[PDB]
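[1] no sequence on this one, just coordinates:
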Ligand SMILES: [Cl-]
Ligand SMILES: [Cl-]
């Protein structure tokens, strides 16, 4: 298992514009297009992202290319963020994937906001961090995915994904 396989399980794959769990226009492997309510504003973002007139539909290669970009952006955002970088540096390989996952879903700013849990991760207080991560809107809104990520933090293995 690796980051790509982990995120592909969490986000799934869709080749037509769809709405995410929050109601936002998305496509591919969890590629957020816009928070705007307009499907047209969504098709404009999509065409711009792909570089062609898509009419709201893309191919598998195009989905995977957006995904590759997004994973890279998640990682680079972590390494550039003063609050996240130190946590990342501190973790083992498996747990690093879990933080990338949270960032991919919620954005760097959002994760950076989990101040207390970040401190517990850095201190390697696994059980405590897991409990603290669960007291969140994130956990309450997407509980099965949050549990999977939390378990990865708690154990440092890919069991939740196997
Ligand atoms: Cl893009
Ligand atoms: Cl879920």
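    Sure thing, it's come through. Numbers count the residues shown, from 1 in each chain. Ligands and ions are numbered 1, 2, ... in the order given.

[2] which SS class is the closest residue to residue 138 other than its chain neighbours?
    Nearest-residue entry for residue 138: residue 146, 5.6 Å, with adjacent residues in sequence omitted and distances by CB to CB, 6 or more residues apart in numbering. C-betas here are computed from N, CA, C, even on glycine. Assigned state for residue 146: helix (three-state reduction, DSSP: H, G, I helix; E, B strand; the rest coil).

[3] Residue 146 against residue 137, yeah?
    No. Assessed by CB atoms under 8 Å, residue 146 is found out of contact with residue 137, at 9.9 Å.

[4] Same drill for those two, tell me which one is more crowded.
    Neighbours were tallied for residue 146 and for residue 137 using other CB atoms under 10 Å; the higher tally belongs to residue 146 (19 against 8).

[5] Would you check that residue 14 makes contact with residue 27?
    Yes. Taking CB under 8 Å as the definition, residue 14 is a contact partner of residue 27 at 6.6 Å.

[6] Show me which of the two is the more surrounded one.
    For residue 14 versus residue 27, neighbours defined as other CB under 10 Å are more numerous around residue 27 (28 against 15).

[7] and that one, that one's in a strand?
    Yes. Judged by three-state DSSP, residue 27 forms part of a strand.

[8] Pretty sure residue 33 is one of the things it touches, is it not?
    Yes. Applying CB under 8 Å, one finds residue 27 in contact with residue 33, separated by 6.0 Å.

[9] Give me the common contacts of the two.
    With contacts taken as CB atoms under 8 Å, 6 or more residues apart in numbering, residue 27 and residue 33 have 17, 46 as neighbours in common.
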